[PDB]
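One structure is given below, encoded as structure tokens.
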Amino acid sequence: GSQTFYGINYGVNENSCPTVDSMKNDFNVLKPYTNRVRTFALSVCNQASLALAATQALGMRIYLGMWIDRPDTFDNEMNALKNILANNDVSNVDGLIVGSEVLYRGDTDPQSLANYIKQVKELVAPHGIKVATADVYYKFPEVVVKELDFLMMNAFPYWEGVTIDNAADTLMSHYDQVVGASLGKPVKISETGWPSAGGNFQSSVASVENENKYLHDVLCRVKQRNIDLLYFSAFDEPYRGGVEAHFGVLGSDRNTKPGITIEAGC
């Protein structure tokens, strides 16, 4: 069942950096469920270069994310990208994600983001790598979307207080809004998930049964509609605390979470 996930988001603890074998370890744990991972930053922990080597060793694919927010990050991530292009094989890269929630956070204005994307595309287009940005469903302005090859949505019904039975359906409604902004370009899902513990957010209850249901339902819906999804996330991440420490498909120690069955709901 290594097509159960189109791909899975893979978090990096900046305060406790992974290594190639450690990543190989982590990726082998994921290999029975998927052939593709996604990283969030290029320079942080040298994670892009490490993940390229681990995935390539295992015959896996990768989406490389650029992490842009504070002013220094634009030039610095761009330089990190140039370094990767000089120093690494990038043949297994299925996309470059130029920021995540840049416009949601108000880190820059739409035209500036669009210009930066244009500059990044000029760097990677000669390698046949397509560019996207990831954001919430209402932050895909035309000036940005014009520069993209495809769009990627981040959406968490959990953080909207949507009860579990309705959560995958709300995800799909939000997807259709991104299609509405897409200028006809492909739309993928860069993040969605549901926590197994840590309380509730209004009617959204964190439980293993609810994470299991959300996983099954979302995998089903994206299969029905032929949508590419990066599920959030591979492993629980204890450092985030509260519900944020419980979004993994698998546990923080890389063991399976009892009550999660890794299967699509249709």
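Along the sequence shown, residues are numbered consecutively beginning with 1.
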Spacing of [X] atom [atom1] and [Y] atom [atom2] [to the nearest 0.5 Å]:
X	Y	atom1	atom2	value
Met78	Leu81	CE	CG	9.0 Å
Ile68	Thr133	CD1	OG1	6.0 Å
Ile8	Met60	CD1	CE	7.5 Å
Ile84	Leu42	CD1	CG	4.5 Å
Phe156	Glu191	CZ	CD	4.5 Å
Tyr138	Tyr104	OH	OH	5.5 Å

More than 12 non-hydrogen atoms from neighbouring residues, nucleotides or ligands closer than 6.0 Å to CD on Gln3, yes or no?
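Check fails, neighbour count at 12 or below.
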
Taking atom NZ as the centre, does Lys185 end up with more than 12 heavy-atom neighbours from other residues, nucleotides or ligands that are less than 6.0 angstrom away?
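More than 12 heavy atoms, drawn from other residues, nucleotides or ligands, come within 6.0 Å of this atom.
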
Under 3.5 Å, is there a donor-acceptor pair between the side chain of [X] and the main chain of [Y]?
X	Y	value
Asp107	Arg70	no
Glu263	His216	no
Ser252	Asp236	no
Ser190	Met153	yes
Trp194	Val205	yes
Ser49	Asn46	no
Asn25	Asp21	yes
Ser207	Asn210	yes
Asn212	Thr261	yes
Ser233	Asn9	no

Given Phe235, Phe232, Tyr214, the one that forms ring pair (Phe, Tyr, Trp, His ring centres under 6.0 Å) with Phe247
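Exactly one option meets the ring pair (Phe, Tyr, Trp, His ring centres under 6.0 Å) with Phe247, and it is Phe232.
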
Starting from the C-alpha separation in whole Å, work towards a yes-or-no answer on salt bridge (charged side-chain N to carboxylate O under 4.0 Å, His left out) for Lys146 and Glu142.
CA-CA 6 Å; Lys146 286 186 174 320; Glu142 188 177 6; 3.3 Å; yes

With clusters defined by side-chain heavy atoms of hydrophobic residues (ILVMFWY) lying less than 4.5 Å apart, directly or transitively, does [Y] cluster with [X]?
X	Y	value
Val208	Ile164	no
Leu148	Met152	no
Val222	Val162	no
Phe150	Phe140	no

What verdict does the side-chain hydrogen bond (donor to acceptor under 3.5 Å, both in side chains) test give for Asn15 and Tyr239, after you've listed the backbone C-alpha separation in whole Å, the side-chain angles of each residue and the deciding distance to 0.1 Å?
CA-CA 9 Å; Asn15 306 306; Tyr239 83 89; over 6 Å; no

[X] versus [Y], closest heavy-atom pair with distance:
X	Y	answer
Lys223	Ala264	NZ-CB, 3.9 Å
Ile62	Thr39	CD1-OG1, 4.1 Å
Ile227	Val187	CG2-O, 4.2 Å
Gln202	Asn200	O-ND2, 2.9 Å
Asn35	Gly59	ND2-O, 3.0 Å
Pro18	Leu50	O-CD2, 3.5 Å

Cut-off 3.5 Å, no hydrogens considered: what does the side-chain donor-acceptor table look like for residues 110-117, sequence neighbours left out?
{"from": "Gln111", "atom 1": "NE2", "to": "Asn115", "atom 2": "OD1", "distance (Å)": "3.0"}
{"from": "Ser112", "atom 1": "OG", "to": "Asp109", "atom 2": "OD1", "distance (Å)": "2.6"}
{"from": "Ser112", "atom 1": "OG", "to": "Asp109", "atom 2": "OD2", "distance (Å)": "3.2"}
{"from": "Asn115", "atom 1": "ND2", "to": "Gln111", "atom 2": "O", "distance (Å)": "3.4"}
{"from": "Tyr116", "atom 1": "OH", "to": "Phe74", "atom 2": "O", "distance (Å)": "2.7"}

Could I get the full list of ring-ring contact (aromatic ring centres under 6.0 Å, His included) partners for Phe201, not counting sequence neighbours?
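Only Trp159 meet the ring-ring contact (aromatic ring centres under 6.0 Å, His included) criterion with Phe201.
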
List the steps, then state whether side chain to side chain contact (heavy atoms under 4.5 Å, CB included) holds for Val179 with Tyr175.
CA-CA 6 Å; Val179 172; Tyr175 176 84; 3.5 Å; yes

Write out all pairs satisfying salt bridge (charged side-chain N to carboxylate O under 4.0 Å, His left out) with one or both partners inside residues 208-221, taking only residues at least two apart or from two chains.
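Output for this query lists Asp169-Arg221, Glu211-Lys257, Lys213-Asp217.
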
Parallel, tilted or perpendicular: which describes the rings of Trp67 and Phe40, with under 30° parallel and over 60° perpendicular?
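Judged by the thresholds at 30° and 60°, the geometry between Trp67 and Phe40 is perpendicular.
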
Are side-chain heavy atoms of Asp135 and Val178 found at a separation under 4.5 Å?
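No, side chains not in contact.
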
With a 4.5 Å cut-off on side-chain heavy atoms, are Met66 and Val131 touching?
no

Apply the test side-chain hydrogen bond (donor to acceptor under 3.5 Å, both in side chains) to residues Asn92 and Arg61: give CA-CA distance (whole Å), side-chain angles for both, the deciding distance (0.1 Å), then the verdict.
CA-CA 5 Å; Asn92 69 326; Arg61 319 277 305 171; over 6 Å; no

Applying side chain to side chain contact (heavy atoms under 4.5 Å, CB included) to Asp26 and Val37, what does each step give before you reach the verdict?
CA-CA 11 Å; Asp26 287 351; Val37 301; over 6 Å; no

What verdict does the side chain to side chain contact (heavy atoms under 4.5 Å, CB included) test give for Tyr6 and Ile189, after you've listed the backbone C-alpha separation in whole Å, the side-chain angles of each residue and the deciding distance to 0.1 Å?
CA-CA 10 Å; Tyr6 171 82; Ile189 300 176; over 6 Å; no

Under a 3.5 Å cutoff, is there a donor and acceptor pairing between the side chains of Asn154 and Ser100?
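Yes.
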
Can you list the steps and then say if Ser91 with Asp89 is a side-chain hydrogen bond (donor to acceptor under 3.5 Å, both in side chains)?
CA-CA 6 Å; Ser91 67; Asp89 183 5; 3.0 Å; yes

If you apply the rule side chain to side chain contact (heavy atoms under 4.5 Å, CB included), what do you find for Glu237 with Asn13, and how did you get there?
CA-CA 8 Å; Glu237 295 184 279; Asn13 184 358; 5.8 Å; no

Both conditions, 6.0 Å and 45 degrees, for the charged tip of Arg36 above the ring of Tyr63: are they met here?
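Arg36 over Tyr63 ring: no.
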
Matching residue for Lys188 among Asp228, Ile97, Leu230, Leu229 - test: side-chain contact (heavy atoms from CB on, under 4.5 Å)
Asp228

